[PDB]
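No hydrogens, no waters, no symmetry mates; every other heavy atom, side chains included, goes into these values. Proteins get letters first, then strands, A, B, ... in listed order; numbering begins at 1 in each.
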Number of protein chains: 2
Amino acid sequence: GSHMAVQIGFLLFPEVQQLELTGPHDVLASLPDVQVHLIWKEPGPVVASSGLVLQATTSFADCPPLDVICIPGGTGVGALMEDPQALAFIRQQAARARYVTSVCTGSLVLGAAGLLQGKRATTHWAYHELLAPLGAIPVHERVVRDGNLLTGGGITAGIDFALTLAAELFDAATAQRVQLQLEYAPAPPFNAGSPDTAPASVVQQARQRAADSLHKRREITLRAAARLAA
Amino acid sequence: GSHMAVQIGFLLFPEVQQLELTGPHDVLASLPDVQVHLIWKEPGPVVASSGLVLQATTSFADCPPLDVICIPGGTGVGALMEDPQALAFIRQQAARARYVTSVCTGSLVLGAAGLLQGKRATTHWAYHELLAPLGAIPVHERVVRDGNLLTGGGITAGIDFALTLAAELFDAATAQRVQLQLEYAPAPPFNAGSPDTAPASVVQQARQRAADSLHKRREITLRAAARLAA
């Protein structure tokens with residue numbers, strides 16, 4: 001436009017964990033002159049894992065070349081990891097995007113697309129064993145950066161790394177202004193956001209509850225890895 | 001259902017600040033047996049302040065009696081504060097809801113509805129002077145609780161108070177399980193989420209940028225107060 005419009009794109013897919021997307025979306029959409037896209041095979045309604053309905057704004061084919069791509073996570077990642085069109089789109093955009101990012105098991109989609117080989121990366125704690133088969137150097141940190149690749153472990157990690165992106169695309173003062181204008185000042189009333197700080201009973205419950213999903217996602221991951229290896 | 005379904009409702013209005021809604025929505029929608037509603041004058045598309053499109057699931061008339069009501073904030077609050085139908089709906093639901101909650105300037109809607117008189121409450125820092133005219137005892141804390149009323153100051157305060165609500169509706173272990181399963185572990189890369197911690201230059205920028213909106217919202221607030229006083 002009259003200024004350089006940073007093109008920011010989020011993959012929006014059925015059964016996305018919507019907050020993984022909508023958090024970084026609202027932060028990045030607050031930045032000067034940007035244009036933010038919600039990308040799927042087609043524009044139109046896409047249902048998140050909660051049933052909340054989001055609207056894709058562009059197809060893969062019509063999406064502009066992105067400066068920032070972000071792959072959120074959620075239940076729908078398992079399908080996406082074997083979606084040949086989606087993986088081809090992600091590889092195309094990642095080839096030249098200044099920033100390639102993900103939240104939770106969105107990094108396993110990056111991995112299935114061949115974008116994690118030899119890269120430090122994280123994913124959701126319950127699925128962290130799935131990084132190494134996709135070639136990643138697995139790291140247990142809230143946001144892992146390797147060059148222009150930023151992978152966030154937990155649900156709101158994109159809110160936090162969105163401020164990092166703001167600071168580099170614009171300047172620190174701009175990032176701080178957005179944080180203050182939004183009044184982003186988290187203070188959770190529990191300390192159970194990590195398996196290392198939650199009560200052991202709670203960790204055991206969570207790991208038992210994720211077992212079938214992990215088992216399926218492991219099968220998917222190993223198929224994805226085998227494709228990359230061939 | 002086979003268990004007691006807690007009815008949780010968010011006001012979804014044009015020019016909502018979407019993350020104020022979508023954060024607490026994803027947390028609360030994770031809880032056992034709940035049914036979560038996005039409420040407007042009619043079901044269907046509602047455009048957030050960023051342009052992101054959300055879908056209302058129910059009209060005011062068809063919304064069940066709520067156990068939890070939450071009024072998010074955003075630019076669209078100014079209109080809502082003088083929307084006779086919306087204010088009547090909020091008063092009806094608030095009369096019996098176990099919890100009445102808001103995020104950012106959503107509390108000014110509660111105030112316009114007459115629900116803050118003599119109550120401790122907060123709102124977005126840039127608009128905090130608008131609490132006293134609506135009868136509130138203004139408090140500068142991230143989440144202010146007065147009985148069953150919970151008002152959150154900043155954009156993601158609903159994520160945090162949603163975990164408090166989880167713990168009381170269910171139990172602490174349930175709230176902790178949800179925090180761990182979502183991996184909600186915030187760690188912002190800047191400390192500018194409060195006017196007391198942001199750099200002075202950044203505060204000055206933010207206050208200059210909010211001046212016209214504050215001026216208009218003040219006019220609206222004083223009209224709303226005068227209606228309550230009559």
Side-chain angles (χ1 to χ4, degrees), chain A residues 12 16 18-19 21-23 25-26 29 38 44-57 182, chain B residues 6-30 34-94 97 99-110 112-113 115 124 150-152 155-159 161-162 165:
Chain A
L12 170 56
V16 65
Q18 61 83 5
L19 177 56
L21 183 160
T22 61
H25 186 286
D26 228 8
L38 299 169
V46 179
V47 184
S49 65
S50 68
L52 187 144
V53 178
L54 297 170
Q55 297 298 316
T57 63
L182 300 178
Chain B
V6 177
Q7 302 299 310
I8 301 176
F10 293 87
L11 237 295
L12 170 56
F13 51 91
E15 304 178 84
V16 65
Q17 184 80 57
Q18 61 83 5
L19 177 56
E20 298 184 21
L21 183 160
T22 61
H25 186 286
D26 228 8
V27 176
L28 295 176
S30 298
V34 301
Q35 291 180 305
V36 188
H37 307 276
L38 299 169
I39 305 147
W40 180 233
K41 71 181 179 182
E42 59 186 336
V46 179
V47 184
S49 65
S50 68
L52 187 144
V53 178
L54 297 170
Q55 297 298 316
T57 63
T58 183
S59 68
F60 297 140
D62 297 333
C63 185
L66 298 171
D67 301 302
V68 177
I69 186 167
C70 181
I71 317 304
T75 297
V77 158
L80 210 61
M81 288 176 72
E82 310 193 279
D83 180 330
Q85 304 281 25
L87 297 179
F89 171 81
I90 294 169
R91 304 194 310 265
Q92 296 157 357
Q93 292 288 337
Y99 295 103
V100 176
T101 74
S102 65
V103 185
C104 297
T105 59
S107 56
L108 305 182
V109 184
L110 297 175
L115 298 169
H124 186 285
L150 293 78
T151 57
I155 185 157
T156 56
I159 301 180
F161 67 65
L165 298 180

Practice task
Quick one: list whatever passes side-chain hydrogen bond (donor to acceptor under 3.5 Å, both in side chains) with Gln92(B), sequence neighbours left out.
Solution key: none
Handout entry: Minimum side-chain heavy-atom gap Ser50(B)-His25(A) below 4.5 Å
Key = yes
Exercise for the section: Can you see which heavy atom on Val53(A) is nearest to which on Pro45(A), and at what distance? Expected result: CG1-CB, 3.9 Å
Practice task
Might you work through the side chain to side chain contact (heavy atoms under 4.5 Å, CB included) test for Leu12(A) and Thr57(A), ending with a clear yes or no?
Solution key: CA-CA 9 Å; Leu12(A) 170 56; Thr57(A) 63; over 6 Å; no
Exercise for the section: Could you check if a side-chain atom of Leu54(B) sits within less than 4.5 angstrom of a side-chain atom of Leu52(A), using non-hydrogen atoms only? Expected result: yes
Completion exercise
Sorted by chain and residue number, the side-chain contact (heavy atoms from CB on, under 4.5 Å) partners of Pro43(B) (sequence neighbours excluded) come out as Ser59(B)
Practice task
Mind listing the closest non-hydrogen atom pair of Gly158(B) and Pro24(B) along with its distance?
Solution key: O-CB, 3.4 Å
Fill in the blank from the handout: Of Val16(B), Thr58(B), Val46(B), the one forming a side-chain contact (heavy atoms from CB on, under 4.5 Å) with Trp40(B) is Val46(B)
Practice task
Could you check if a side-chain atom of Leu19(A) sits within less than 4.5 angstrom of a side-chain atom of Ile159(B), using non-hydrogen atoms only?
Solution key: yes
Output a table of donor-acceptor pairs, distance under 3.5 Å, between side-chain atoms of residues 82-91 of chain B and any protein atom two or more places apart or on a different chain; print 'none' if there are none.
unit_1	atom_1	unit_2	atom_2	d
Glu82(B)	OE1	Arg223(B)	NH2	2.9
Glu82(B)	OE2	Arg223(B)	NE	2.8
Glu82(B)	OE2	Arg227(B)	NH1	2.8
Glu82(B)	OE2	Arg227(B)	NH2	3.2
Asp83(B)	OD1	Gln85(B)	N	3.2
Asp83(B)	OD1	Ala86(B)	N	3.0

Problem - Contacts of type side-chain contact (heavy atoms from CB on, under 4.5 Å), residue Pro65(B), not counting sequence neighbours - result: none
Completion exercise
Between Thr151(B) and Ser102(B) the two heavy atoms that sit nearest each other are CG2-OG, 3.3 Å
Problem - Partner residues of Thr105(B) under the side-chain hydrogen bond (donor to acceptor under 3.5 Å, both in side chains) criterion, sequence neighbours left out - result: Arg217(B)
Fill in the blank from the handout: Interatomic distance, CG@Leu38(B) vs SG@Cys63(B), rounded to 0.5 Å, equals 10.0 Å
Handout entry: N/O donor-acceptor pair under 3.5 Å between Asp67(B) side chain and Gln7(B) backbone
Key = yes
Practice task
Identify, with sequence neighbours excluded, every residue that meets side-chain contact (heavy atoms from CB on, under 4.5 Å) alongside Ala157(B).
Solution key: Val143(B)
Exercise for the section: Looking only at non-hydrogen atoms, find the nearest pair between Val27(B) and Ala162(B) and report the distance. Expected result: CG1-CB, 3.6 Å
Exercise for the section: Using side-chain contact (heavy atoms from CB on, under 4.5 Å) as the criterion, list what pairs up with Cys70(B), not counting sequence neighbours. Expected result: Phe10(B), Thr101(B), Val103(B), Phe161(B)
Problem - Atom of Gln93(B), atom of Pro64(B) and distance for their closest heavy-atom approach - result: NE2-O, 3.4 Å
Fill in the blank from the handout: For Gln55(B), the side-chain hydrogen bond (donor to acceptor under 3.5 Å, both in side chains) test, sequence neighbours excluded, returns none
Problem - Test side chain to side chain contact (heavy atoms under 4.5 Å, CB included) applied to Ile39(B) and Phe60(B), step by step - result: CA-CA 6 Å; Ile39(B) 305 147; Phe60(B) 297 140; 3.6 Å; yes
Practice task
Measure the OG1-CG distance between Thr156(B) and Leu182(A) for me, rounded to the nearest 0.5 Å.
Solution key: 9.5 Å
Exercise for the section: Would you check if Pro72(B) and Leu11(B) make a side-chain contact, meaning some heavy-atom pair closer than 4.5 Å? Expected result: yes
Problem - Which residues share a side-chain hydrogen bond (donor to acceptor under 3.5 Å, both in side chains) with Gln18(A), sequence neighbours left out - result: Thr22(A)
Practice task
Scan residues 6-30 of chain B for pairs that pass salt bridge (charged side-chain N to carboxylate O under 4.0 Å, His left out), counting only residues two or more places apart or in two chains.
Solution key: none
